[PDB]
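Down below is the structure, laid out as structure tokens.
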Amino acid sequence: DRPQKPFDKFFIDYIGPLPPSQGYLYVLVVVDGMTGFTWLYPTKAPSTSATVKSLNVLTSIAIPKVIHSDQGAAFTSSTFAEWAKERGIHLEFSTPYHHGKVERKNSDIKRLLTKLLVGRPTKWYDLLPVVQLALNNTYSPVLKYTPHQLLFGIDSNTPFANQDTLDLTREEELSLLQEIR
Amino acid sequence: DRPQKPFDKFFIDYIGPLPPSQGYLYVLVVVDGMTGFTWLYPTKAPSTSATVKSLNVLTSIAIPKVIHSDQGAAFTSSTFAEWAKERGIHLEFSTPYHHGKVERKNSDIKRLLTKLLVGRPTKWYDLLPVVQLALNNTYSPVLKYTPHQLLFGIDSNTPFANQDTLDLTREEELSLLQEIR
Amino acid sequence: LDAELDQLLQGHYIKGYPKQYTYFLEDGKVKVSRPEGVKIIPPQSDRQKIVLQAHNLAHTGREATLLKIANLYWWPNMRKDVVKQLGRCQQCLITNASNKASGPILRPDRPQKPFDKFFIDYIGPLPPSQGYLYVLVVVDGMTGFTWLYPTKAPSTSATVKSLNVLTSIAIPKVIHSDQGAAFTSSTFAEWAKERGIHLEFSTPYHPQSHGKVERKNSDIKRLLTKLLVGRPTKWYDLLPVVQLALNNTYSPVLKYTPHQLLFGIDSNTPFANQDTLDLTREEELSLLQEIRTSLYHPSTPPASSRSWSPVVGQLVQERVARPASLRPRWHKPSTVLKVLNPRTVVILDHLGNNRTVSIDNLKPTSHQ
Amino acid sequence: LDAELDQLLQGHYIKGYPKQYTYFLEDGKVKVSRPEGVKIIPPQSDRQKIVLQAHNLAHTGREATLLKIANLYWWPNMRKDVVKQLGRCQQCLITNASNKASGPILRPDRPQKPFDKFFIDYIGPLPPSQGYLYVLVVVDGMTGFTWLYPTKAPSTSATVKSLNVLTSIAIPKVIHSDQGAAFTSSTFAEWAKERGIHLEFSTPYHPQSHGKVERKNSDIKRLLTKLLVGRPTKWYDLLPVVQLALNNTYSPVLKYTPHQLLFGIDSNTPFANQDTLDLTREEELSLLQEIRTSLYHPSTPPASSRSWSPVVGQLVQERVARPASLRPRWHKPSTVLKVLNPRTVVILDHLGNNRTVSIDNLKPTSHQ
DNA sequence: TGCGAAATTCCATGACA
DNA sequence: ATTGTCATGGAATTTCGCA
DNA sequence: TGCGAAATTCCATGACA
DNA sequence: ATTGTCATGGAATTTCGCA
Ligand SMILES: C[C@@H]1CCO[C@H]2Cn3cc(C(=O)NCc4ccc(F)cc4F)c(=O)c(O)c3C(=O)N12
Ligand SMILES: C[C@@H]1CCO[C@H]2Cn3cc(C(=O)NCc4ccc(F)cc4F)c(=O)c(O)c3C(=O)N12
Ligand SMILES: [Mg+2]
Ligand SMILES: [Mg+2]
Ligand SMILES: [Mg+2]
Ligand SMILES: [Mg+2]
Ligand SMILES: [N+]
Ligand SMILES: [N+]
Ligand SMILES: [Zn+2]
Ligand SMILES: [Zn+2]
């Protein structure tokens, strides 16, 4: 059986609703399986349309052999099925309601997002670029390499050499418990 | 003493008033002495200004060493004197009131003009080009050559091989004696 | 078809498939172990579609197309199938650039006499000067002697007005020009018939064909520019000066000014040449005739290493004249009916009209 | 003066005036019987004025000027006096064309890594498509991998918007461009400082300097043209397709697609290359590093027979960028302060500002 | 029958929408 | 069923002045 | 150890405002 | 105080298939 490769499998999911930012509410999350390289796309809704629109951008850079997702409506619609078939992409769903490199990455994203939207729940749209750079230049303990390094075969010009706290501070836990009020 | 040449001497004179044609009344006559080549210019008046204006056209093709004229006002004005001095042209006047190649040419012009302005005393402006071609491709009995041939050293593409009547017919003498009525 | 590829699997020999290679079935497909790896041999009936798919990704040429196909496939003589499709892709044909140069320029004989041939053309539009915007330029073929007429438009009428004044002097056998609206109108045609003047037209969009006047245009603008340095561009009053100045300037290669070639003696202009002072006019015109016939004539240059010359029956394509944004620069293929000279041809255009056309506005259609 | 010319008449020898020739007074002027005829030797104090008069008739160069003078005059070393005036005629200097070619092009090293250097530029304006008129083109220096962004204007803002989306992927060391208003604004400068990005600018009006992107512009337009044949020019929806199609096309000389140079493995696009199926990613990235460093690099071509290369302290002239009708194509002479490389120089312009300038926008001032 | 320097000729370069 | 041209200024080559 | 033909590489040409 | 580039398709050159 052949070794795992970038473009072999893309893992997609939605995160949100979030607080409105430039009129956007969700984030389509794409993680390459082999490299853990992440791509993020702001959307107005978790719909087939917003998904197709966002993936068209990504799939004009690189096309995955397989897309993996949960059984979200957006992803199980017959529109989205057609879209994938047109591009020779195989669709793959995890069973309803039911650990790995990908799974950990999605955790980081949720956590990293939550950290930066404190005091500024509205400015997340502008931070998406840096969120991704951070995520993609984050050292992986399993492999000795960042997603950048594995995707491009080189060091990057933005090494995030500070392995950041990623934890909520005392002022921010009190800020998050006051944000919901 | 050196042989005579084209551009050696230009002979100028006015003919008119004529009947108005495109608003023009006179004709400035220029004949090169050596070749008998003729140039004609329609003017509105026999003035220094109309002369300068017309000769500027000609003198942007070829400049005479000497201009010869009678003592017309146009030609003896100090404006016209200045104009000539600027171009290194020497001015030359025949004595007041007082035979040759030039003299015969001026005769032809008056005669040829008179012939063609019968029945059309108003259309002379448009005929000036052809008047000149005729005059300049007219065989000279003294030299064996036309003015064209002597100026350019070649046959022309408009030989007027018909040595034309130049005389007034019976219908035209009766037309000229009825034109003055 | 499965016909050919069947014999292959049971180890028999087919022309074009080398025998020293192991051909086998797998996944429902004939395959082969070639040095670079294992490739699928598709059935002959599938090949055209494959070549096409590969080509259509980015409408790529021979190599870039083959490199895609070779990734998954092998069959005999692949490039032949590639070239076959390249030759049938209308889109590529009308859009791609040529990579063959035109054959070397002709240097046609100088007209033998003054007034044999005039070249005419317009310069402009120029900054308004006294309401005038254009200049009519008239160059005598043999002498280079030039006449300049300021106009308001590049119209037939202004053309006729200026030439009436010029042809007062002499009438030319031929007037040569480009296909500007001024020169191709019927009013202008009649004006020339009326005077026994033959209109000659350059092949379309090829100003080299009347290079004499185009070239005089450069000198006219260059002297106007110098004279106008640090002043406003009032050029109208300078035309006369420019005409006289240029007509009396030496061409270093010829050793004569155009005035001299026309008249055989300088007029009263500065630094007039005096060499013929002691000759008679007739001895002067005799020296002039000799001088006129022995003028330097340039030779046709060497061909560039990759030039093409037209052949009767060749598919060739005419350059689109004024192509819109994002539209092909070439017309559809057309056939060479006649080779007038090695730089000029008559083509049948597919409408089909006969067109006479410069080789410089042509490319030979690729892939036969 | 009459000093020199006096000794001459009474038969004594002066340097430069050959002794075997008869010099005599006549009409109040020193003369001489030379093979071509009798010429006036003017006094040294008159000569400059004469050379000038002759030159000014039509602002002619060396020979055409001399041929006028030689008609009436002779003195020793005439062309030296001619050349002296040619070198001082501001009008000729700023108007005449050059006849020396630029020295041969540099082929600078390919950037070593992806993201080391981006080249960017705008195409447009194009036929309106969905309200969009321009395309931002971004070419990775090392890989050739290109990104395309439709815009409404070639503004700094639309530039920033597009690049924010791109630099989500990776941040480049350098961004190289022409001096378009988009790239030279301070808003754009701050945007780059903010991210540790160094802005590099091509010397003005020299698109060769960022030839990589200019050249990708051609392919972008060429594929857009083919795709749009026989349809209306709705290009906006095609940008994505063009990007993907071009990033996955082979360069026949390199034997790789830019996608391959960037990622070292094809994604799920037609005719994906399978050669590295049995390698690990790490063995793949190892082969990629080797492949990247051994890519074909073109050599600097031979000089043309009449080229010039800049020297420090040379008088040179910069090409006027957008010259008005009937105005000189060259600025006044300026001095080369520094030769950065044989194709690039810093000049002091006579204002005088320091300017860094391509040799292609320069001519060496004639006549020293 | 040969030298140094001047004169002349060669000719690549660019430019006429 | 028509067609490149020529000023320009360094460099190459020739001619001149003298012996 | 050399042939004919196919494959690959060379590279002038033109074009990106 | 910076710098041309590369798809293209015939032709030239090399390699392949076979003996
Ligand atoms: C509307 C008419 C009808 C048809 O063509 C157009 C466009 N045109 C274009 C050029 C031109 O491109 N000149 C530059 C040039 C290029 C190459 C060369 F070898 C010599 C050169 F002078 C003209 O000179 C010109 O007169 C016209 C013109 O009159 N028209
Ligand atoms: C207003 C900005 C600021 C300054 O310059 C202008 C004009 N410009 C001109 C060209 C151009 O002439 N391209 C043709 C080309 C010519 C030669 C070559 F080797 C490569 C080539 F692509 C451009 O490409 C371009 O981008 C611009 C541009 O942006 N601007
Ligand atoms: Mg024209
Ligand atoms: Mg023209
Ligand atoms: Mg630009
Ligand atoms: Mg550009
Ligand atoms: N000819
Ligand atoms: N370099
Ligand atoms: Zn195609
Ligand atoms: Zn000058």
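Sequence lines set the chain letters: A, B, ... in the order given, protein chains first and strands last, and positions in each chain run from 1.
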**Study point:** Under-4.0 Å side-chain N/O to phosphate OP1/OP2 contact, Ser202(C) with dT2(F)
**Key:** no
Review point. Does some side-chain heavy atom of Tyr250(D) sit less than 4.5 Å from a side-chain heavy atom of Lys255(D)?
Key: no
Exercise for review: For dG14(E) and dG4(H), measure between their P atoms and round to the nearest Å.
Suggested key: 15 Å
Check your understanding: Has the side chain of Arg215(C) got a donor or acceptor that lies under 3.5 Å from a partner of the other kind on the base of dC6(F)?
Key -> yes
Point to revise | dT5(H) phosphate, OP1 or OP2, under 4.0 Å from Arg107(D) side-chain N/O | key: yes
Revision key, fill the gap. Heavy-atom nearest pair, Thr203(C) first then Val357(C), reads CG2-N, 3.6 Å
Check your understanding: Relative to each other, are the rings of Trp74(C) and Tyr17(C) parallel, tilted or perpendicular (30° and 60° limits)?
Key -> perpendicular
Exercise for review: Using a 4.0 Å heavy-atom cut-off across all strands, classify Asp121(D) as base, sugar-phosphate, or nothing.
Suggested key: nothing
Check your understanding: Is there stacking between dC16(G) and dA17(G), using centres under 5.5 angstrom and an angle under 30 degrees?
Key -> no
Practice item. Give a yes/no on whether any side-chain N or O of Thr356(C) is located under 4.0 angstrom from OP1 or OP2 of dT2(F). Key: yes
Review point. With sugar-phosphate meaning primed atoms plus P, OP1 and OP2, does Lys338(D) contact a base, only sugar-phosphate, or nothing at under 4.0 Å between heavy atoms?
Key: base
Check your understanding: Counting any heavy atom closer than 4.0 Å, what does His206(D) reach on the DNA or RNA strands: base, sugar-phosphate only, or nothing?
Key -> sugar-phosphate
Exercise for review: Could you check whether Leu106(D) gets within reach of a base, just the sugar-phosphate, or nothing at all, counting any heavy atom under 4.0 Å?
Suggested key: base
Point to revise | Any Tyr17(D) side-chain nitrogen or oxygen under 4.0 Å from OP1 or OP2 of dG17(F) | key: no
Review point. Counting any heavy atom closer than 4.0 Å, what does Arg329(D) reach on the DNA or RNA strands: base, sugar-phosphate only, or nothing?
Key: nothing
Check your understanding: With a 4.5 Å limit on heavy-atom distance, are the side chains of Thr356(D) and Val345(D) in contact?
Key -> no
Practice item. Under 4.0 Å between any heavy atoms, over every strand shown, what does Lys255(D) touch: base, sugar-phosphate, or nothing? Just pick one. Key: sugar-phosphate
**Study point:** Student check: side-chain heavy atoms of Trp75(D) and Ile69(D) closer than 4.5 Å
**Key:** yes
Point to revise | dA6(G) phosphate, OP1 or OP2, under 4.0 Å from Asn77(C) side-chain N/O | key: yes
Practice item. Could you walk me through whether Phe119(D) and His176(D) pass ring-ring contact (aromatic ring centres under 6.0 Å, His included), step by step? Key: CA-CA 5 Å; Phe119(D) 300 92; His176(D) 188 119; 5.3 Å; yes
Point to revise | Residue-phosphate contact under 4.0 Å: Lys363(C) side-chain N/O, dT13(G) OP1/OP2 | key: no
Exercise for review: Examine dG4(F): is either OP1 or OP2 under 4.0 Å from a nitrogen or oxygen in the side chain of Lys212(C)? Give yes or no.
Suggested key: no
Review point. Counting a pair only when it is Watson-Crick or G-U and both distances are under 3.5 Å, which runs of at least 3 such pairs involve DNA chain F?
Key: E:1-16 with F:4-19
Check your understanding: For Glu214(D) and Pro76(C), take the nucleotide of DNA chain G holding the closest heavy atom to each; which residue's nucleotide lies nearer the 5' end?
Key -> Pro76(C)
Practice item. Verify the contact: side-chain N or O of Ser209(C) to OP1 or OP2 of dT3(F), cut-off strictly under 4.0 Å; return yes or no. Key: yes
Review point. Are any non-hydrogen side-chain atoms of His297(C) and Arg107(C) less than 4.5 angstrom apart?
Key: yes
Review point. Tell me, for nucleotides 8-14 of chain H in 5' to 3' order, what letter each nucleotide earns: B for a base near a protein heavy atom under 4.0 Å, S for only sugar-phosphate near one, - for neither?
Key: BBBB---
Exercise for review: Indicate whether OP1 or OP2 belonging to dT2(F) is found under 4.0 Å from a side-chain N or O atom of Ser358(C).
Suggested key: no
Review point. According to a strict under-4.0 Å criterion, is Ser305(D) in side-chain N/O contact with OP1 or OP2 of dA12(E)?
Key: no
Exercise for review: Assess whether one donor atom and one acceptor atom, taken from the side chain of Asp219(C) and the base of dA7(F), lie less than 3.5 Å apart.
Suggested key: no
**Study point:** Distance between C1' atoms of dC16(E) and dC10(G) (Å, rounded)
**Key:** 36 Å
Review point. With a non-hydrogen cut-off below 4.0 angstrom, is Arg34(D) in contact with a base, only sugar-phosphate, or nothing?
Key: sugar-phosphate
Check your understanding: Are side-chain heavy atoms of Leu223(C) and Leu246(C) found at a separation under 4.5 Å?
Key -> yes
Practice item. State whether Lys80(C) places a side-chain N or O below 4.0 Å from either non-bridging phosphate oxygen (OP1 or OP2) of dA6(G). Key: yes
Review point. Taking side chain as C-beta onward, heavy atoms only, is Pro18(D) less than 4.5 Å from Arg34(D)?
Key: yes
Review point. For the pair made of CZ in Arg322(D) and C1' in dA17(E), what is the distance, rounded to whole Å?
Key: 17 Å
Practice item. Indicate yes or no: at least one non-hydrogen side-chain atom of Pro252(C) is less than 4.5 angstrom from one of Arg62(D). Key: no
